[PDB]
Amino acid sequence: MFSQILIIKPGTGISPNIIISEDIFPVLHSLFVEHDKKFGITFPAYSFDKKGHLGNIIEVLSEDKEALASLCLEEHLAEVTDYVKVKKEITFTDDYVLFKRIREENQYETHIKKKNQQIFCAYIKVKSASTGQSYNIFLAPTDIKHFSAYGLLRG
RNA sequence: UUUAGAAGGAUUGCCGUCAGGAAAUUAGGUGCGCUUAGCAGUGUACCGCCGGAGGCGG
């Protein structure tokens, strides 16, 4: 349980939500899968529920040191060096808080409205390789201490 | 402890006949609208899945 903090620079024109979506999360999927070892993702300053402001900070949860060095963050999320930062230290942070995946129900055509706008207050968008259908994944923050392919804790 | 305390206004009905408003006109001179700007906010949520209702996968 040490760490590596990747930062989403502000300004830059493009919104940080889009930057999070496109660049980061594909590379992460891949990274996580081949490794398979269930990791996790630290979204510090994850502000409010009315909000959903994921923030400008990304940290990766790992177990061993070679545990996070397992992933070559730098060199991967590298080409994009003007919209994402890669810090260069592995810190053994202990005040971390884990993050969980809620869901929210499908549509009436696919009480629907009751579940709607209860979780709809993060909504990261991922395009699927096989089914070819883009969708939203919702997040949460929780007490569980000691996950899945997406970096979120398994259901 | 109030110029106190009390109270059935009722029934009925044919407004009507006629008519010329009408003639004249000059509204006119002048004029500085105008300096700034990201349609953003995320631009919207897909197929399933068992169950049978209720709950996770990509």
Side-chain angles (χ1 to χ4, degrees), chain A residues 1 4-30 33-34 36 39-40 42-47 49 52 55-63 67 70 72-73 75-84 86 96-99 101-110 112 116 120-124 126 128-134 136-145 148-153 155:
Chain A
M1 226 65 171
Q4 295 149 336
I5 318 179
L6 307 183
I7 313 295
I8 326 160
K9 319 202 188 304
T12 56
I14 314 79
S15 175
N17 197 347
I18 286 180
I19 287 202
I20 276 191
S21 67
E22 299 177 11
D23 308 354
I24 283 321
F25 205 89
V27 186
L28 264 45
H29 230 259
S30 75
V33 175
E34 172 276 345
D36 157 276
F39 282 101
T42 307
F43 267 153
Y46 195 66
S47 196
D49 300 358
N56 313 354
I57 327 187
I58 280 196
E59 296 184 6
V60 181
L61 293 139
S62 176
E63 278 56 42
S70 72
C72 316
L73 290 172
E75 177 65 14
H76 280 52
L77 308 171
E79 307 178 0
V80 279
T81 181
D82 296 341
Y83 313 79
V84 188
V86 183
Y96 60 96
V97 170
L98 266 294
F99 287 79
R101 178 182 175 179
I102 320 147
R103 261 268 311 111
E104 46 79 25
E105 189 187 9
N106 297 357
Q107 185 176 353
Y108 197 85
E109 51 83 19
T110 291
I112 272 62
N116 204 344
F120 280 48
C121 308
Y123 46 106
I124 306 201
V126 178
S128 175
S130 58
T131 206
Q133 285 159 328
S134 61
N136 299 2
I137 75 151
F138 299 63
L139 314 176
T142 177
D143 187 24
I144 322 278
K145 287 289 87 177
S148 61
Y150 308 100
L152 278 296
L153 198 72

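All values below were derived from every heavy atom in this structure, side-chain atoms included, with hydrogens, water molecules and symmetry-related copies excluded. Chain identifiers are assigned alphabetically (A, B, ...) following the order of the sequence lines, protein sequences preceding nucleic acid strands; residue numbering begins at 1 within each chain.
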Near-parallel close bases B/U36 and B/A37 (centres under 5.5 Å, planes under 30°)
yes
Between B/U42 (P) and A/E104 (CD): distance, integer Å
18 Å
Closest to side chain of A/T131, choosing from B/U42, B/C47, B/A45
B/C47
Is A/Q107 close enough to B/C46 that one of its side-chain N or O atoms is under 4.0 Å from OP1 or OP2 there?
yes
Categorise the sugar of B/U26 by the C1'-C2'-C3'-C4' dihedral sign as either north or south.
south
Euclidean distance, atom CD of residue A/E105 to atom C1' of B/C49 [Å, nearest integer]
14 Å
Between P of B/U44 and CZ of A/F120, the distance in whole Å
14 Å
Going from CG on A/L6 to NE2 on A/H76, what distance comes out if it is rounded to the nearest 0.5 angstrom?
12.5 Å
For the sugar ring of B/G54, does the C1'-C2'-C3'-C4' torsion put it in the north or the south range?
north
Work out how far the P atom of B/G43 is from that of B/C39, and round it to whole angstrom.
16 Å
What class does the angle between the rings of A/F43 and A/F99 fall in, given that below 30° is parallel, 30 to 60° is tilted and above 60° is perpendicular?
perpendicular
For B/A45, take OP1 and OP2 only and decide whether either is under 4.0 Å from a side-chain N or O of A/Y123.
no
In whole angstrom, give me the gap between the P atoms of B/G16 and B/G21.
25 Å
If I compare all heavy atoms of A/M1 with all of A/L61, which pair ends up nearest, and what's the gap?
CE-CD2, 3.6 Å
North or south sugar for B/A19 (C1'-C2'-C3'-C4' positive means north):
south
Is any side-chain heavy atom of A/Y150 less than 4.5 Å from a side-chain heavy atom of A/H29?
yes
Whole-angstrom distance between B/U36 and B/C32, as gauged at atom P:
22 Å
In whole Å, what separates the P atom of B/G28 from that of B/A23?
25 Å
I want to verify the glycosidic state of B/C49; is it syn or anti under the 90° rule?
anti
Checking contacts here: which listed nucleotide (B/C49, B/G58, B/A45) is nearest the side-chain heavy atoms of A/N106?
B/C49
Taking it one step at a time, do A/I112 and A/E105 satisfy side chain to side chain contact (heavy atoms under 4.5 Å, CB included)?
CA-CA 7 Å; A/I112 272 62; A/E105 189 187 9; 3.3 Å; yes
Nearest whole angstrom, please: distance from the P of B/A45 to the CD of A/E109.
11 Å
Based on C1'-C2'-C3'-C4', put the sugar of B/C46 on the north side (positive) or the south side (negative).
north
Report the glycosidic orientation of B/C32: syn if within 90° of 0, anti in every other case.
syn
Using whole Å, what does the distance between atom P of nucleotide B/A40 and atom CD1 of A/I14 come to?
13 Å
Residue A/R101, side-chain atoms from C-beta onward, closest of B/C46, B/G58, B/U42
B/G58
Selection from B/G58, B/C47, B/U44 that lies nearest to any side-chain heavy atom of A/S130:
B/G58
So which atom in A/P26 and which in A/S21 form the shortest heavy-atom distance, rounded to 0.1 Å?
CD-O, 3.6 Å
Between A/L152 and A/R101 the two heavy atoms that sit nearest each other are CD1-N, 4.1 Å
Do A/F39 and A/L28 come close enough that some side-chain heavy atom pair is under 4.5 Å?
no
Rounded to whole angstrom, note down the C1' distance from B/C18 over to B/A22.
22 Å
Nearest-Å distance for atom pair CG/P, residues A/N17 and B/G43:
7 Å
Stems field, RNA chain B, Watson-Crick or wobble, 3.5 Å, at least 3 pairs, by first number, holds B:46-50 with B:54-58
Starting the side chain at C-beta, find the nucleotide from B/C46, B/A45, B/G41 nearest to A/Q133.
B/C46
Adjacent-base stacking, B/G55/B/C56, criteria 5.5 angstrom and 30 degrees
yes
Please state whether the phosphate of B/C46, meaning OP1 or OP2, lies under 4.0 angstrom from any side-chain nitrogen or oxygen of A/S128.
no
Just the rounded figure in Å: distance from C1' of B/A45 to CD1 of A/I124.
14 Å
Rounded to the nearest 0.5 Å, what separates atom OG1 in A/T42 from atom CD1 in A/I5?
8.5 Å
Just read off the sign of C1'-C2'-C3'-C4' for B/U11 and name the pucker, north if positive, south if negative.
north
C1' atom, B/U11 versus B/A6: distance in rounded Å?
27 Å
In whole angstroms, how far is the P atom of B/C46 from the OH atom of A/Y108?
16 Å
pair A/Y46-A/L139: side-chain heavy atoms closer than 4.5 Å
yes
In this structure, do the base rings of B/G31 and B/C32 stack on each other (centres less than 5.5 Å apart, planes differing by less than 30°)?
no
